[PDB]
Amino acid sequence: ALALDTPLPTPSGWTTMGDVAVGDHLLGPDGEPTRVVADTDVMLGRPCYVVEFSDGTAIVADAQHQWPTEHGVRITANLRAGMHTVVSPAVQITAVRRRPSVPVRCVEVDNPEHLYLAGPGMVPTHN
Ligand SMILES: [Zn+2]
Ligand SMILES: [Zn+2]
Ligand SMILES: [Zn+2]
């Protein structure tokens with residue numbers, strides 16, 4: 001679901017979607033450690049998107065990656081500029097467009113909101 005070079009914060013610092021392993025820890029919606037309990041392989045040929053955010057950061061995700069918005073969970077293919085990514089000043093999505101397919105990968109974490117922080121801006125996203 002996210003491009004492999006997407007940086008993700010960790011209790012020790014930073015990793016990437018390409019490097020993070022089951023049993024590692026990411027950061028949950030409150031910034032506390034949250035365990036990775038499942039993943040996907042690296043997946044090829046999925047339709048990819050760039051999501052640009054108001055904090056000056058951007059994340060490449062596939063069409064079906066899920067995002068927590070004020071309207072509820074939306075997949076990337078349904079994001080619209082103006083929406084925000086929230087955990088319950090929320091960062092705003094400023095643009096969404098298709099981009100050529102790159103390798104992507106998803107992970108699942110075990111906090112009750114099923115959210116982890118992603119990108120250099122530490123934006124909330126859904127597993
Ligand atoms: Zn840092
Ligand atoms: Zn699509
Ligand atoms: Zn994921």
Side-chain angles (χ1 to χ4, degrees), residues 1-87 89-127:
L2 298 183
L4 300 196
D5 56 349
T6 302
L8 312 165
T10 73
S12 87
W14 291 93
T15 190
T16 64
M17 182 56 79
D19 298 322
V20 64
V22 174
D24 291 358
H25 285 83
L26 298 174
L27 296 190
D30 56 355
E32 296 302 319
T34 188
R35 182 182 55 163
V36 176
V37 295
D39 71 356
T40 75
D41 287 12
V42 178
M43 299 175 290
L44 309 171
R46 309 270 270 166
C48 288
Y49 292 75
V50 193
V51 185
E52 290 170 357
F53 302 98
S54 56
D55 62 359
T57 66
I59 301 175
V60 174
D62 69 350
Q64 295 165 68
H65 188 92
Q66 294 169 28
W67 303 88
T69 75
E70 65 268 69
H71 312 114
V73 174
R74 296 281 180 271
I75 70 168
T76 307
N78 283 332
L79 292 182
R80 269 152 76 96
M83 298 179 168
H84 306 63
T85 55
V86 301
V87 306
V91 160
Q92 181 179 194
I93 294 156
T94 57
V96 181
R97 68 173 184 277
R98 294 190 182 266
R99 77 141 273 144
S101 184
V102 298
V104 296
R105 175 157 175 252
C106 214
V107 298
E108 185 187 357
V109 297
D110 58 6
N111 60 80
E113 299 76 19
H114 298 300
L115 303 182
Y116 59 94
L117 305 183
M122 309 201 185
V123 163
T125 196
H126 190 285
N127 61 199

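Any value given below was found using the heavy atoms of this structure, including those in side chains, with hydrogens, waters and symmetry copies removed. Counting begins at 1 with the first residue of the sequence.
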Inset, instruction - Measure the shortest side-chain to side-chain distance between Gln64 and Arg46 over non-hydrogen atoms and say whether it is less than 4.5 angstrom. - result: yes

Distance (rounded to the nearest 0.5 Å) between [X] [atom1] and [Y] [atom2]:
| X | Y | atom1 | atom2 | result |
| --- | --- | --- | --- | --- |
| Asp5 | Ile59 | CG | CD1 | 11.0 Å |
| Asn111 | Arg35 | CG | CZ | 11.5 Å |
| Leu2 | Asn127 | CG | CG | 11.0 Å |
| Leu79 | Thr69 | CG | OG1 | 7.5 Å |
| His25 | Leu8 | NE2 | CG | 14.5 Å |

Might you point out which heavy atoms bring [X] and [Y] nearest each other, and give the distance in Å?
| X | Y | answer |
| --- | --- | --- |
| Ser101 | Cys48 | CA-SG, 3.9 Å |
| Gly82 | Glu70 | O-OE2, 4.0 Å |
| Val87 | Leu115 | CA-CD1, 4.2 Å |
| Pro11 | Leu26 | CD-O, 3.9 Å |
| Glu52 | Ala58 | CG-CB, 4.1 Å |
| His126 | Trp67 | CB-N, 4.2 Å |

Inset, instruction - Could you tell me whether a side-chain N or O of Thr34 sits under 3.5 Å from a main-chain N or O of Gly28, the two making a donor and an acceptor? - result: no

Indicate, with yes or no, if [Y] and [X] share a hydrophobic cluster defined by side-chain heavy-atom contacts under 4.5 Å among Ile, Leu, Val, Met, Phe, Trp and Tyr.
| X | Y | result |
| --- | --- | --- |
| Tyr49 | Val104 | no |
| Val20 | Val109 | yes |
| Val51 | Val107 | yes |
| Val96 | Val123 | yes |
| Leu117 | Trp14 | yes |

Inset, instruction - Give the ring-plane orientation class for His65 versus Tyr116, where under 30° counts as parallel, over 60° as perpendicular and anything between as tilted. - result: perpendicular

Legend entry - Enclosure of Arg80 CZ (heavy-atom neighbours >12, cutoff 6.0 Å): no

Inset, instruction - Show your reasoning for whether side chain to side chain contact (heavy atoms under 4.5 Å, CB included) applies to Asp24 and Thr10. - result: CA-CA 8 Å; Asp24 291 358; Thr10 73; over 6 Å; no

Legend entry - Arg105: which of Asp39, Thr6, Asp62, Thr40 passes side-chain hydrogen bond (donor to acceptor under 3.5 Å, both in side chains): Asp39

